[PDB]
Every structure is written in C-alpha cells, then in structure tokens.
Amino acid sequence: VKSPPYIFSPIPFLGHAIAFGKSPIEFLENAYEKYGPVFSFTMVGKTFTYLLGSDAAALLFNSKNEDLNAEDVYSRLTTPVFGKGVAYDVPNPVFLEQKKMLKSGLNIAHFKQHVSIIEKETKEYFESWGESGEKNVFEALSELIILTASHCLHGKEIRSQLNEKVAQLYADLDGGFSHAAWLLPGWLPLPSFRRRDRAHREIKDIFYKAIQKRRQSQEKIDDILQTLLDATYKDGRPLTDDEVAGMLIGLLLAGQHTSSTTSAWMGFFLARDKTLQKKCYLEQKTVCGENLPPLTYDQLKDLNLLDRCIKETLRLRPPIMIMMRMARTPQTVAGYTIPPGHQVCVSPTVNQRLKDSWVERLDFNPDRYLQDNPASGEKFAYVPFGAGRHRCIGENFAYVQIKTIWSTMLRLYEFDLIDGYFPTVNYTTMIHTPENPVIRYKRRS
C-alpha cells in the first residue's frame, strides 16, 4: 500500500492554484514528465489526484458511482442551475433513468427533422453578415446554436419565444458554472449567485406554461419535448412538470456551449489550413452535387473528411476539458491507493495529445485516423465524450448540429485568419474560450 506521488507546494493554502490556473495543460503535462500518469497536488485547500493516459484513466471510467462519486463534486454548481430532482440532485440510479429517457429523444427520426431545421436557422442567421467582412465567429456561433439547439431540443413553441431578454436569462445561468460557485458556500451573496437563481425561476416560469400549451393541443408533434412529456419510469410514474422543465435546462446548456466552442474552433483550424478547407468544400459537391440541394441526414454519413475534422477539433479542443469524481472509498491504480477524500480527475485534453501516443500531437491532422492511432489502439486515449456509467448521450446530436452548420457555412463563405492570427486559449472561465475570435469571410464562388 502506497499513495500517489504528491507534488509539494511552497504556498500555504492556494497551493498550485496560480500555476495550474495559468496553463492547466502545461502544468499537467510537466507533471506527467516529472511524476507519471498518477499524481496528487493541492489547490485552494483541496487535494486532487490526476490520472493521465488511457491505463490510469480506466480507474475513473470503469468505476461504480458509489466508489467515485459524481454528485459529491458536480452538485454544488448543477442543482442551483438545472433544478431540484434532476441530474446530480437525485441518486445515480434515478439519474440513469432520466438519461435513458433523454437518449430515446435523440433518434434518427428526430435528427432527420433537425437537419433542415438547423440548415434554415443557419442560412437565415447569416443573412446579416453580407458578402464579406471580419466578425466574431464564436459570438455568432453561440447565438445561432442557442437558436438551433432550442428549435431541436425545446420544440417550435419554446423556440418562437427566444428573444434578447431570454438570451440574457440563459447568460445568467452560465454564470453558475464558475470558480467561486465551487469553493464558496451558497450563502455568500455574490452578484452571480443572485442572478443565477433569478433566471432559474424566470426560465422555469417560461417552461412551466409552454409545457402545458402542448400538454393540451392534440396536434401530434414528434420531437424531443414530446418524448419527455410521454415518458415514464420503471415506477410507471410520469415526469412532473418540474422534472421536465429541469431537464430542458440541462439540454439547452449542455447542447449549446459544447457545440459553439467546437464549431468556433474548427473555423480557425479550417481557416488556417486553406487546402483542407477546400477539400472540405469539394467533398460537399462530390457527396451532394453541384446544384447543392438542401441537406438530408443520409448525406451527412458520407462527409468523411468533415467528420474527421470534427473528430480532430474535439481531439485538440475538447469542450469538456476535465472530468471529476469524489473518492468515496479507496481506489487502486498503478499500485497506488487513492485515499477517500481526494477529488479524482481525468483530462481528455491531456490524454488526447499526450506525447507517448499521439504522433505530431499539436498538429491539426484529420488524416491521422486513416492510420494507426491511440483512438483505436487504446481504450481511453481519445475520450471527448467520456466513457462508462457517466458517458455522454449527445454525441450523435452534437455531430448532427456541427456537421449541418459547418456544411451550410462552407457553402456560404470562405474563411481566412486575420493577418494570420490563430486564437490562443483562455482559461478565465471553465469554458475553454478562444482569444479574440474574429474571422475574415468572403462569399463562396
């Protein structure tokens, strides 16, 4: 019995909070060099054990939630935002159920409907960018995705009510996943704490009556909202209007931030690699034809390069940069015993660019998958949607949304860096944001 290498720190309480805050990826890779796949360090009077590489990460992915707990760590931030009796508020077994329900709502039939829906929103949104210029993609994209994710995941009724004042109510809920909300106790009245709660009431308010306007009209609609309203536990019990509104919040935020960032990033990887951009456009005409008809689900599958570009964006810029659990009981990896109390973490970012396995690691090269790579050679080197019990459910949908949008976009414009500036990464927010994401765009010929 031996516990992980511990990284001592001179600072009394902060610990590594400043160095890790600067560049977490730099911090963690160096730590990998000095100490290996398994190490501990303290930050803000908290101890963290990291697991790097596929083998060590296996601990986290394979374990049972009674052993590595996700509520113990996520709940602080989630419950105030999403709502009571949903996500990390309920026992895991109850949550597995809520997932199985949502998952059902993400099936080919619904995606088929989504493609055109998304393609419309994209075309219409960009009517105000005209023929050329230099604008903020990340800003645009997150505005559009809030629109597309809404139409798809919240149905027509709710989407038609998305104005500026609702956009703000969501933006107030973004300010819940913060530095301060994780450490400080929920009785210190920071401005954000207050707004996060205000918007939660105001938005559940909107969902409350929008639910029932569908709970009534006999107009048979087959969408995500419908699925939820019709679904049922092993109990037989249906979801209360509270539960339903709850998981509507989860759906919008999860499905909105993770796609915007990714989409936004791919824009720059594509504008930087101009030939790779043109082969993406060429692939569009090959798979869809010169006339370029509207898009259908069936065409997406044959957009292989585009798929590998998305797979490559997610490799280098995974929206979920870290994943965490509380050790409720002692766990063993690489001969080390992690003591109950440590917060265990894995970083897809580190794993997916690790030197031992990713050849030309910092290169944006979608052709890497047409070779030998750890994404197939190994179980947990490529993990942008996680693995095991806490596995993502949105991957199908996320690919649908990003695929359609970028297809449509490559059809509308050609994109270039401004003076050859490729955005750097900001860590001020959990949200993996690109520095100064303004892009040059001219009409496609």
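Here the rigid core means the biggest group of C-alpha atoms that line up within 1.5 Å when the two forms are laid on top of each other. Just count from 1 along the sequence shown to find any residue number.
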After fitting on the rigid core, which stretch moves more in 5 other deposited structures of this protein, 353-361 or 77-85, going by C-alpha RMS?
77-85
Aligning on the core, I want to see which stretch wanders more in 5 other deposited structures of this protein. Is it 179-187 or 155-163 by C-alpha RMS?
179-187
Can you tell me whether 123-131 has a higher mean C-alpha B factor than 332-340 in this record, or the other way round?
123-131
Once average C-alpha B-factors are taken from the entry for 344-352 and 101-109, the winner is 101-109
Report the option among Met324, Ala167, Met321, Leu316 whose CA atom has the maximum B-factor in the deposited record.
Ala167
Among the candidates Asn365, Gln218, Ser75, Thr262, give the one with the maximum CA B-factor reported in the record.
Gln218
Please place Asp273 in the lowest, middle or highest third of its chain by C-alpha B factor as given in the entry.
middle
For the chain shown, is the CA B-factor of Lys311 in the lowest, middle or highest third of its modelled residues?
lowest
Can you tell me whether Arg361 has a C-alpha B-factor in the lowest, middle or highest third compared with the other modelled residues of the same chain?
lowest
Lowest, middle or highest third: which one holds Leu14 when the chain's residues are ordered by CA B-factor from the entry?
middle
Where does the C-alpha B-factor of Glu71 rank in its chain, lowest, middle or highest third?
lowest
